[PDB]
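One chain follows as structure tokens, the form deposited in one PDB entry.
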């Protein structure tokens, strides 16, 4: 926190030393003294994180400024004298109180970097064409309803970020900005995209999440540099056929929360380089046979909350998959071919209609997380003993009456979620779960026993048993809750000497 006199002391130091950078940031300055006009040797002025509500016209004397950093102040305007900054390359105005781009900024035609994030800007003037050297323009988190056609005169634009505004369309002249590689349009109101979009042959990241798009232009097939395309939460029900076949480096695609009833049509060429595929919250009724036969590096597929009633014949060929989310479908069984997924670390199957699991589940030797909550499981296969990497197993609200004795081979298991089942007892093999930390048993109205070997679980720090009768245990013990129950199992069981 600097007083006026301290700020003066710092300007006088900087001009004395003929320094080219003056940093007065993070100082709670309310006013910048006029004396800064003497610092004509300055090429960089940092004034960010202060309490400035106005910038003195004297700053326009800093004829050699290349960088002016003004973020996190309360500026609502800039002096016209900033005309004189003929070399200003970068201007940073985010987190201020601008209701507009100050009109002088449109005369700083040497700018290549303009940051206006988090303001209240409502307009971008036709004059934006004066700034033909801009390569990075960021106006996200403002109140822009429209981009002018003059935006197409920024042929050096590399990064255009207009996230979190109110755009309903884009000017077709945006297609003249053929150098754009990062275009973020998330959280607007976009009703469509112009067909000139395919001109952007260097575009590699296109963010369209949270808009009102109902269709994609077939021209998007020509953005062959695309590496990541996010269309989450629009109203898209189909893609032009073989659009994705044309996207030869696409590696991350999100179609979540749209209107799809099928996969995009066009054969396995669509997903050959795909690494992450997010299609949750649609009505996709099947995974086509063959779509991932070329997807050498597919490793995250999210199909949560669709209309899957089974899995395709070639499902076990997805041998590089790491995370597979199939929750909130209508699956009635998992095919024995699940055993092919030797890379699988995360399997999410919650809230389907499963009564049993396949034997092949035991071949998933890398599986770390298995989420089976809200099914109808009536038993666990004995092959679960071979899930040697299993660390989290969630079974909340199934129909289990017991566990397989093989469950005690799961020595990496830290979290066992058994709440809301029909358990009558746990196996004595519970006791070799060396790393068990969390055991949830709440709401098992038929569980009248706990095995003594639960005392052998030396890392057990969390247990719930609310609404379990436990009537083979002394009433006042189980009334005391988990601390007394575990204490009773350790001191009054056969392992008293080794725990």
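Positions refer to the first chain, counted from 1.
- Higher mean CA B-factor, judged across 237-245 and 417-425 from the recorded values: 237-245.
- When the two stretches 374-382 and 263-271 are set side by side, the higher mean Cα temperature factor goes to 263-271.
- Based on the entry's C-alpha B-factors, the most elevated value among 283, 87, 300, 304 belongs to 87.
- Among the modelled residues of the chain, residue 95 sits in the middle third by CA temperature factor in this PDB entry.
- When the CA B factors of the chain's modelled residues are split into thirds, the value for residue 443 lands in the middle one.
- In the deposited entry, the Cα temperature factor of residue 172 sits in the top third of values across the chain's modelled residues.
- Per-chain ranking of the deposited C-alpha B factor places residue 50 in the lowest third.
- Split the chain's modelled residues into thirds by C-alpha temperature factor. Residue 130 is in the middle one.
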